[PDB]
């Protein structure tokens, strides 16, 4: 009954794209530092995830749009939306999460399908099946590079608990994350730097709460606002983190912004 959103951002301005799944359609709102506008993306789906990477100043976006029978990959490479090579069978209610790293890029896409999360990987030549296989109905992911080594954190929410699964190049292990919440989580994650710093937002029965990692234990963050559905993106300006959280209750999406000095309501509108 609430819309479902996905967001990505790039550069220091920043540029942002926010995708909203509402009543079977995914549409796009865009920011390049000078007002929100409606982007061209318009495709069927009940669930959306997104990742993006830069090649110099040129943005590349990958949108994973799930209907009741298929996930389709939609590619923006500066010159129109084109269907990509990624495909997966689904059933109604399936959820995805996507990350990418480098400029090749590498991509990992996680799908929660009938209570199981599985992983598909792009290495620059083809898609292959990843080792990840854990229970979950909802999923979010974030990733960070330490030199050339990718680190991945996946937040797997079953009916009862949210577990963090960590890839460090050698195998998947359970992470320190605890939700500080009861059963029924939907999550969104972002990360920055190489420690890393992680922020995980949980929507649970209409409330969003924040859990925080800066390298030395998980703690409850200042962010606390209503929402049935959450997404997030973040960007660095030198050493300073900026965060944009997209909180939705029904068809109303409110942006909340961290710029170093508390949460403020952002200029985002759905229009």
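Residue numbers count along the first chain shown, from 1.
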Average Cα temperature factor in the PDB entry - higher stretch of 234-242, 49-57: 234-242
Selected stretch [higher average CA B-factor]: 95-103 or 72-80: 72-80
Deposited CA B-factor, highest of 65, 208, 40, 212: 40
187, 142, 89, 111, ranked by C-alpha B-factor: the highest one: 89
Chain third (lowest, middle, highest) by recorded CA B-factor, residue given as residue 131: lowest
Ranked against its chain, the third holding the CA B-factor of residue 138: lowest
Relative C-alpha B-factor of residue 199, binned into the chain's lowest, middle or highest third: lowest
Ranked C-alpha temperature factor of residue 152 among modelled chain residues, by third: lowest
Chain thirds of CA B-factor: placement of residue 174: middle
